[PDB]
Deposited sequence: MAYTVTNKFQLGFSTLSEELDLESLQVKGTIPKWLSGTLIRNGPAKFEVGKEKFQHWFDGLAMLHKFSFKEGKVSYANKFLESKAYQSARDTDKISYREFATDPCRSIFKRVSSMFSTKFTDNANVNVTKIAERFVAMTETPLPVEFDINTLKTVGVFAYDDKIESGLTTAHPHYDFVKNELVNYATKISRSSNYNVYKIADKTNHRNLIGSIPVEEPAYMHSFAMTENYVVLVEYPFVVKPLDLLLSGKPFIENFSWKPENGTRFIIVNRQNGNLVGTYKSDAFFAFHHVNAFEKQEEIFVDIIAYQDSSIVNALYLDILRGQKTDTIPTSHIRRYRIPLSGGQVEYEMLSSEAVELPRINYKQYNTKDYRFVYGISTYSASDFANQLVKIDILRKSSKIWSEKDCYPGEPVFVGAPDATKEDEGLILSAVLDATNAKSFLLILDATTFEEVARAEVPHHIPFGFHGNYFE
């Protein structure tokens, strides 16, 4: 297919002070954008089976007075170092086993204890230096919380200055362990433990003012299958729609169980935003009908001539009545959307109007548009370019902004005909280009990135 290059290895690592810039990047952009994703899809004659298995590479876009610098290095995880030095896959990935959890932290990046960390879904992040992109090593937590599975989608409370996440202890007495990390510590405080027979794959979760909401899609594993089966991690998970989806609501200041509520079965990788209003919670999710999208992101499908087989996801607003009752939803947009982002700093946990994402609607091609959904005016704005495949749109608010959509969108875009990627900068209000920075190579299709001031 045309986008095949986005799922092919990038072996080139370089450090460049200036990229060729078209347009003008506002003077006030003084921070660094870090992109994480897979960038090596084979090790000698052995191939990684899934998109999620590729060995983590970081991309650094640092903004100084209208100019932009770029650096990219592979994360020197034990997974990477072992593959490089033995030419054997040596750690168990999401969907590939070799012929000890992987530290292939290829999903996201954040800061814990004032240190930059790469994250996957195994228990421990991997610390890296933002200046050099060199790997420091395993970032240990300083606590007794047991876990075998977690998210690379921590929430952050700006008022209390706390990271919030959960970790699942997978055993014959499995538990969802909801925790927080105060600034300037790597000690996790256990907020609450919810016991569970068959843990669900919950890639992300919802946070409100007072709550963590775990949305437990009925895509679940038998602990003993995970311990004993010869099969890669994700193959041990089963779709059981007869369970329905369970919404688990935990007070995230005192760990009190607010309640559990059930809707009809659905699956999701990514939450958009959630908020309390009266005695109700609204949870906005990028929802699929079932878990089949997981099998659709195997590389042989992504690289193949049947990509219209890849199921679409849409923004569903679930309404949880705390007073009690079945959880119903409505669609916020008819657009197929993935990789959702918001004005997180100002609107996470709050009523809001604007979602940014990639279009998966297949009007003209696979994942070829950026979209901005106006939830209020049930409308959308679109960016696209012949033979271009744009990555996750990262919002950056402007200084002393008075509006939710006053700022910039940053997206790593693959130009398939040019066989090279560019950073695209849109004004968030108009959703039109203000600048782009050329990169001398292709940036493989990634997952998540964050802007650090």
query	finding
In sequence order, the deposited-sequence ranges that have no modelled C-alpha atom	1-6, 106-118
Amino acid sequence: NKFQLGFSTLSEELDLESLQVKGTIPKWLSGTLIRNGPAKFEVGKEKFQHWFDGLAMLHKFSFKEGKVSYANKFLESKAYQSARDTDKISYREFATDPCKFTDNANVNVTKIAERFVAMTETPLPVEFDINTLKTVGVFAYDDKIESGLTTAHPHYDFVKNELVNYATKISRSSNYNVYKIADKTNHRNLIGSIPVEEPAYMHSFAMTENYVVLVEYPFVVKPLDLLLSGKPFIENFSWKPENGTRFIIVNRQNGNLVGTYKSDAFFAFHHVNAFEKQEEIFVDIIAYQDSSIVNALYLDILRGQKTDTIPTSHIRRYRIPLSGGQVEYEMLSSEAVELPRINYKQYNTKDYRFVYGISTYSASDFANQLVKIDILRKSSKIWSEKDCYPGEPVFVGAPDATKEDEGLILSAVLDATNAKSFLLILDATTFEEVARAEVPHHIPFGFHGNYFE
From here on, numbers count along this sequence of modelled residues.
{"item": "Residue range whose averaged C-alpha B-factor is higher in the record, 369-377 or 250-258", "value": "250-258"}
{"item": "Entry-level comparison of average CA B-factors, 336-344 and 154-162, reporting the higher stretch", "value": "154-162"}
{"item": "Residue, from 171, 278, 291, 313, that the PDB entry assigns the highest Cα B-factor", "value": "278"}
{"item": "Highest-ranked of 96, 110, 147, 132 once sorted by CA temperature factor in the record", "value": "132"}
{"item": "B-factor third for the C-alpha atom of residue 47 within its chain", "value": "middle"}
{"item": "Modelled-residue ranking by C-alpha temperature factor, third containing residue 58", "value": "middle"}
{"item": "Position of residue 402 among the chain's modelled residues by C-alpha B-factor, lowest, middle or highest third", "value": "highest"}
{"item": "Cα B factor band for residue 324 (lowest, middle or highest third within the chain)", "value": "highest"}
{"item": "For residue 425, the third of its chain into which the C-alpha B factor falls", "value": "middle"}
